[PDB]
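Raw model_32.txt, compact mmCIF, C-alpha atoms and all ligand atoms:
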```
# COMPACT_ATOMS: atom_id res chain seq x y z
CA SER A 1 64.98 40.27 -62.11
CA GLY A 2 65.18 38.82 -65.67
CA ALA A 3 65.10 39.73 -69.38
CA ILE A 4 64.27 38.30 -72.89
CA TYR A 5 67.07 38.47 -75.52
CA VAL A 6 65.76 38.23 -79.12
CA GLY A 7 67.95 39.44 -82.02
CA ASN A 8 69.46 42.83 -81.20
CA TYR A 9 66.86 43.47 -78.48
CA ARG A 10 66.63 43.15 -74.70
CA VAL A 11 63.08 43.12 -73.16
CA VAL A 12 62.84 44.00 -69.45
CA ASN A 13 60.24 45.22 -66.89
CA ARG A 14 60.16 49.02 -67.40
CA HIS A 15 60.35 49.60 -63.59
CA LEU A 16 63.61 47.56 -63.47
CA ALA A 17 65.29 49.13 -66.58
CA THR A 18 68.92 50.26 -66.05
CA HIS A 19 70.72 53.52 -67.14
CA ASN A 20 72.19 51.51 -70.06
CA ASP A 21 68.68 50.30 -71.05
CA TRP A 22 67.45 53.93 -71.17
CA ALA A 23 70.61 55.16 -73.07
CA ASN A 24 69.92 52.47 -75.74
CA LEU A 25 66.07 52.81 -75.67
CA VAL A 26 64.10 51.37 -78.65
CA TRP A 27 60.56 51.50 -77.17
CA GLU A 28 58.90 51.73 -73.75
CA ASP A 29 55.33 51.62 -72.50
CA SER A 30 54.54 52.60 -68.89
CA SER A 31 50.98 51.22 -69.30
CA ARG A 32 52.51 47.75 -70.11
CA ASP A 33 55.46 47.91 -67.65
CA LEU A 34 57.76 47.09 -70.72
CA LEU A 35 60.99 48.58 -72.03
CA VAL A 36 63.05 47.28 -74.99
CA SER A 37 66.70 48.36 -75.37
CA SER A 38 69.25 47.52 -78.11
CA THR A 39 72.18 45.11 -77.61
CA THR A 40 75.47 44.54 -79.42
CA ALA A 41 75.24 40.72 -79.02
CA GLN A 42 72.72 38.53 -80.89
CA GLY A 43 69.84 37.03 -78.86
CA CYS A 44 68.35 33.58 -79.43
CA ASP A 45 65.09 33.50 -77.46
CA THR A 46 62.12 32.54 -79.60
CA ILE A 47 59.00 34.66 -79.12
CA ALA A 48 55.73 32.68 -79.29
CA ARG A 49 53.17 33.84 -81.92
CA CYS A 50 50.00 32.12 -80.60
CA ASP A 51 46.89 32.36 -78.32
CA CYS A 52 48.09 29.78 -75.73
CA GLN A 53 46.50 30.01 -72.32
CA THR A 54 48.80 27.37 -70.66
CA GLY A 55 52.52 27.50 -70.07
CA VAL A 56 55.36 27.34 -67.50
CA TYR A 57 56.95 30.25 -65.64
CA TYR A 58 60.18 30.63 -63.63
CA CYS A 59 59.65 31.66 -59.97
CA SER A 60 63.01 32.91 -58.55
CA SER A 61 61.59 33.16 -54.96
CA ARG A 62 61.17 29.35 -55.07
CA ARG A 63 64.04 28.39 -57.52
CA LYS A 64 61.30 26.43 -59.41
CA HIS A 65 59.25 26.45 -62.64
CA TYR A 66 55.43 26.14 -62.27
CA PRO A 67 52.82 25.13 -64.89
CA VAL A 68 49.88 27.63 -65.06
CA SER A 69 46.65 28.39 -66.92
CA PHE A 70 46.57 32.15 -67.61
CA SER A 71 44.02 34.68 -68.90
CA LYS A 72 44.16 36.45 -72.32
CA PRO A 73 45.99 39.87 -72.33
CA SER A 74 43.72 42.56 -70.86
CA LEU A 75 43.47 45.90 -68.90
CA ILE A 76 43.82 45.02 -65.23
CA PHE A 77 43.84 47.37 -62.18
CA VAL A 78 47.24 47.44 -60.37
CA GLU A 79 47.77 48.97 -56.89
CA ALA A 80 50.16 51.92 -56.38
CA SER A 81 53.90 51.29 -55.85
CA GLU A 82 57.20 53.25 -55.62
CA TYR A 83 57.34 52.87 -59.49
CA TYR A 84 53.73 53.70 -60.53
CA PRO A 85 50.55 55.35 -59.20
CA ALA A 86 47.33 53.18 -59.01
CA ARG A 87 46.36 52.45 -62.67
CA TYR A 88 45.14 49.93 -65.29
CA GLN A 89 48.06 47.98 -66.77
CA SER A 90 47.33 46.79 -70.33
CA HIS A 91 48.37 43.52 -72.07
CA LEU A 92 48.46 41.79 -68.63
CA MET A 93 47.66 38.07 -68.07
CA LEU A 94 46.88 36.54 -64.66
CA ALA A 95 47.37 33.04 -63.28
CA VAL A 96 46.91 31.38 -59.87
CA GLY A 97 50.47 31.01 -58.58
CA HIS A 98 53.20 32.28 -56.31
CA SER A 99 55.21 35.47 -56.95
CA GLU A 100 57.17 38.12 -54.90
CA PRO A 101 58.55 41.55 -56.14
CA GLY A 102 62.02 40.18 -56.99
CA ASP A 103 60.19 37.62 -59.21
CA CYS A 104 59.50 40.24 -61.96
CA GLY A 105 61.43 39.39 -65.12
CA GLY A 106 60.85 35.62 -64.76
CA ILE A 107 59.92 34.16 -68.15
CA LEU A 108 56.57 32.52 -69.02
CA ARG A 109 56.86 30.06 -71.95
CA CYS A 110 54.51 27.74 -73.88
CA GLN A 111 55.53 25.00 -76.48
CA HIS A 112 55.88 27.87 -79.07
CA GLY A 113 58.40 29.98 -77.14
CA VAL A 114 58.48 33.02 -74.84
CA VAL A 115 55.03 34.39 -73.97
CA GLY A 116 55.89 37.21 -71.54
CA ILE A 117 57.52 38.12 -68.24
CA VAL A 118 56.39 38.33 -64.57
CA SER A 119 55.23 41.88 -63.89
CA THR A 120 52.71 41.85 -60.97
CA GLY A 121 51.62 39.62 -58.05
CA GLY A 122 49.92 39.28 -54.69
CA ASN A 123 47.02 37.35 -53.13
CA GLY A 124 48.13 34.06 -54.72
CA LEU A 125 47.96 35.54 -58.26
CA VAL A 126 50.84 36.24 -60.65
CA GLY A 127 50.55 38.71 -63.54
CA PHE A 128 52.60 38.46 -66.81
CA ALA A 129 53.26 41.28 -69.29
CA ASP A 130 52.51 39.73 -72.73
CA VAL A 131 55.09 40.16 -75.55
CA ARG A 132 53.42 37.96 -78.31
CA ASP A 133 51.91 40.99 -80.11
CA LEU A 134 55.31 42.75 -80.52
CA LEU A 135 55.93 41.38 -84.02
CA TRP A 136 58.82 43.82 -84.67
CA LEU A 137 60.98 41.94 -82.07
CA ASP A 138 61.78 39.39 -84.86
CA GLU A 139 62.89 41.97 -87.50
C1 LIG A 201 53.85 41.77 -54.64
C2 LIG A 201 54.44 41.28 -55.94
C3 LIG A 201 54.48 39.93 -56.23
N1 LIG A 201 54.95 39.41 -57.37
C4 LIG A 201 55.43 40.27 -58.27
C5 LIG A 201 55.45 41.64 -58.09
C6 LIG A 201 54.94 42.16 -56.90
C7 LIG A 201 54.84 43.66 -56.75
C8 LIG A 201 53.94 44.25 -57.82
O1 LIG A 201 52.96 43.64 -58.22
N2 LIG A 201 54.28 45.46 -58.31
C9 LIG A 201 55.39 46.29 -57.83
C10 LIG A 201 56.37 46.56 -58.96
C11 LIG A 201 55.65 47.15 -60.17
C12 LIG A 201 54.46 46.27 -60.62
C13 LIG A 201 53.71 46.90 -61.79
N3 LIG A 201 53.75 46.24 -62.93
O2 LIG A 201 53.12 47.97 -61.66
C14 LIG A 201 53.53 46.05 -59.43
ZN ZN A 202 51.77 29.10 -77.52
```
Would you mind writing the file out in structure tokens?
Amino acid sequence: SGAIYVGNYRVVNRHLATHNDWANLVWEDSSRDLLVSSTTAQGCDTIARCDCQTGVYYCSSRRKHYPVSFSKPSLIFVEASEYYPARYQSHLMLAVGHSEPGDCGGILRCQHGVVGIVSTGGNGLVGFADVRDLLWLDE
């Protein structure tokens, strides 16, 4: 679990969105596993606007942060689950690192701010849904 709070927005994994998230829907993209809902309170996370390929992510299954090198956002094949059929997930970045299903929502950050959130994993690889292109999150 985990979310990004920037301005009047809450960014979560689309497969983990709540009833409240859907009742206050701003935008969602099944192909990205992202959903953004509105909030009454003001958020202070800073979104990175960069092409960083190194950063640190929070791994709840280990109660630890890990430094990683990650790939640029791309279309990557993702196995079927109770949430989605087998498909290509877009805007996804991979790194060599530990992750388990309850790890989705963990933040990946570089020196510039929030890069994205944990969205996939398995086989010693963790996948992060990028948020750096969503420029509207700041306005
Ligand atoms: C096995 C594992 C390890 N770390 C994080 C997550 C996981 C599970 C996993 O990859 N997915 C299940 C939930 C939906 C995901 C998606 N974006 O389609 C895919
Ligand atoms: Zn950066």
Next on the checklist: Using only C-alpha atoms and all ligand atoms for the distances, tell me which of A:61, A:99, A:69, A:1 is nearest to ligand LIG 201 (chain A).
Outcome noted: A:99
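Atom CA of residue A:80 is positioned 7.2 Å from atom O2 of ligand LIG 201 (chain A).
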Checklist entry - Which residue out of A:115, A:131, A:4, A:78 has the minimum interatomic distance to ligand LIG 201 (chain A) when all atoms listed in the file are used? => result A:78
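Closest approach to residue A:113 among A:84, A:136, A:57, A:77 is made by A:57 (distances from all atoms listed in the file).
Neighbours of residue A:45 closer than or equal to 10 Å, with all atoms listed in the file counted and sequence neighbours fewer than 3 positions away skipped, come out as residues 4, 5, 6, 7, 42, 48, 113 and 114 of chain A.
Counting all atoms listed in the file, the residue from A:2, A:43, A:101, A:55 that sits nearest to ligand ZN 202 (chain A) is A:55.
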Kindly provide the residues of chain A that approach ligand ZN 202 (chain A) to within 10 Å, each paired with its closest atom pair and their distance in Å to one decimal, based on all atoms listed in the file, listed by chain and increasing number, as JSON lines.
```
{"residue": "A:47", "atom": "CA", "partner": "A:ZN202", "partner_atom": "ZN", "distance": 9.3}
{"residue": "A:48", "atom": "CA", "partner": "A:ZN202", "partner_atom": "ZN", "distance": 5.6}
{"residue": "A:49", "atom": "CA", "partner": "A:ZN202", "partner_atom": "ZN", "distance": 6.6}
{"residue": "A:50", "atom": "CA", "partner": "A:ZN202", "partner_atom": "ZN", "distance": 4.7}
{"residue": "A:51", "atom": "CA", "partner": "A:ZN202", "partner_atom": "ZN", "distance": 5.9}
{"residue": "A:52", "atom": "CA", "partner": "A:ZN202", "partner_atom": "ZN", "distance": 4.1}
{"residue": "A:53", "atom": "CA", "partner": "A:ZN202", "partner_atom": "ZN", "distance": 7.5}
{"residue": "A:54", "atom": "CA", "partner": "A:ZN202", "partner_atom": "ZN", "distance": 7.7}
{"residue": "A:55", "atom": "CA", "partner": "A:ZN202", "partner_atom": "ZN", "distance": 7.7}
{"residue": "A:109", "atom": "CA", "partner": "A:ZN202", "partner_atom": "ZN", "distance": 7.6}
{"residue": "A:110", "atom": "CA", "partner": "A:ZN202", "partner_atom": "ZN", "distance": 4.8}
{"residue": "A:111", "atom": "CA", "partner": "A:ZN202", "partner_atom": "ZN", "distance": 5.7}
{"residue": "A:112", "atom": "CA", "partner": "A:ZN202", "partner_atom": "ZN", "distance": 4.6}
{"residue": "A:113", "atom": "CA", "partner": "A:ZN202", "partner_atom": "ZN", "distance": 6.7}
{"residue": "A:114", "atom": "CA", "partner": "A:ZN202", "partner_atom": "ZN", "distance": 8.2}
{"residue": "A:115", "atom": "CA", "partner": "A:ZN202", "partner_atom": "ZN", "distance": 7.2}
{"residue": "A:132", "atom": "CA", "partner": "A:ZN202", "partner_atom": "ZN", "distance": 9.0}
```
Item to check | Selection as a PyMOL selection string: residues within 8 Å of ligand LIG 201 (chain A) by only C-alpha atoms and all ligand atoms | outcome: chain A and resi 13+15+32-33+78-84+89+98-104+118-122+126-127
Checklist entry - Between A:31, A:125, A:37, A:68, which is the closest to residue A:18 once you count only C-alpha atoms? => result A:37
Checklist entry - Rounded to one decimal in Å, what is the spacing between atom CA of residue A:8 and atom CA of residue A:137? => result 8.6 Å
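As for atom CA of residue A:105 and atom CA of residue A:35, they are spaced 11.5 Å apart.
Counting all atoms listed in the file and comparing A:95, A:133, A:67, A:117, the residue that lies closest to residue A:14 is A:117.
Residues within 7 Å of residue A:116, counting only C-alpha atoms and excluding same-chain residues fewer than 2 positions away, are residues 107, 108, 114, 128, 129, 130 and 131 of chain A.
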Closest pair table for stretch 29-99 of chain A residues within 12 Å of stretch 21-24 of chain A, all atoms listed in the file, as CSV:
```
residue,atom,partner,partner_atom,distance
A:34,CA,A:21,CA,11.4
A:35,CA,A:21,CA,7.9
A:36,CA,A:21,CA,7.5
A:37,CA,A:21,CA,5.1
A:38,CA,A:24,CA,5.5
A:39,CA,A:24,CA,7.9
A:40,CA,A:24,CA,10.4
```
